[PDB]
Amino acid sequence: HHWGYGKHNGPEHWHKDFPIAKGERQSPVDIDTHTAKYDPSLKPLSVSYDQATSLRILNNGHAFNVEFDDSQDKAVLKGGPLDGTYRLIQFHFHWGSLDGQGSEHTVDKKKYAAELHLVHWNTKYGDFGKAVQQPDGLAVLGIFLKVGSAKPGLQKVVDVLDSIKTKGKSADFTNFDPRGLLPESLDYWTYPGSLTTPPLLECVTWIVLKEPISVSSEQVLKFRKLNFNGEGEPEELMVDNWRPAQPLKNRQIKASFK
Ligand SMILES: NS(=O)(=O)c1ccc(NC(=O)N2CC(=O)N3CCc4ccccc4[C@@H]3C2)cc1
Ligand SMILES: [Zn+2]
């Protein structure tokens, strides 16, 4: 009886196995744009993905992950609110059953159709597993998706999804350039939070871009053909794999922009 996104094992149940679910710095949150304050001290944000080396794409039963070779300093996030260098390890998405829902963060209570999470770990902790035990261990770059024009740089991901339909399937996925998933502007909001899935560790500096990317209805419809189940098990479509907004508690959301 494992955690998931069903009626019986969804986000409102997670606190029984993961009591930190009711903690002081849980994610995602609603971003109240009028209450976020411009912080002129944030340093410029630096996304350096030219040398990123993708390895594989995996259906883990909760989302699909594009994983990167993080054995050297190639693809790094620095600057913004961050002290030091954070290395890209994987990206994944959260999405809805309908275009009106799917994002984890919300903006003035608006839900986007999906949200991209580019996950990075702080190199001062040596490995990912050590980093997630630290309050500044991870930096996750979050990018909203809206439905409209296709995102050409997403299509290579869309086209491999038929080969990883069910939980536990993986496929080779080399030479994918995650710069093709970024919007034009790097304006962002930032706050201290958590993983949005169990174990819900409070180790993340969240950096949420203000500008959504546009993807086509056909691209997101292909996300919604994935399965939560394993092969040979009753089919359950992988949709609504998002945690709703959590209490902000004693936190301030900072804006990089006026
Ligand atoms: N929704 S979110 O952005 O808040 C979020 C939620 C969970 C994770 N975890 C992650 O990307 N994992 C978990 C992990 O232990 N390893 C173990 C080490 C290892 C090694 C290679 C590739 C991936 C991994 C994964 C990475 C991160 C972010
Ligand atoms: Zn995520």
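Note that each Cβ is placed from the backbone with ideal geometry, even for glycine, and that neighbours are counted across all protein chains shown. Each reported figure results from applying straightforward, stated rules to the coordinates on display, with no laboratory input.
Points worth noting:
- Ranking of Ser194, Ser54 by count of other Cβ atoms within 10 Å, fewest first: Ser54, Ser194
- Centre separation in Å (Cα based) which lies between region 132-184 and region 1-53: 17
- Legend: ranking of residues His94, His120 from fewest to most surrounding C-beta atoms inside 10 Å; resulting order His94, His120.
- Neighbour-count order for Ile207, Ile89, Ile31, fewest beta carbons within 10 angstrom listed first: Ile89, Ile31, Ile207
- Mean Cα-pair separation over length for region 128-258, i.e. relative contact order, pairs under 8 Å, 6 or more apart, %: 34
- Hydrodynamic estimate: the Kirkwood radius of the chain over Cα pairs, inserted into Stokes-Einstein at 25 °C and 0.890 mPa s, corresponds to D of 133 µm²/s.
- Computed [θ] at 222 nm, helices only, for the chain once each DSSP H run of length n ≥ 4 contributes -39500 (n - 2.57): -1500 deg cm²/dmol
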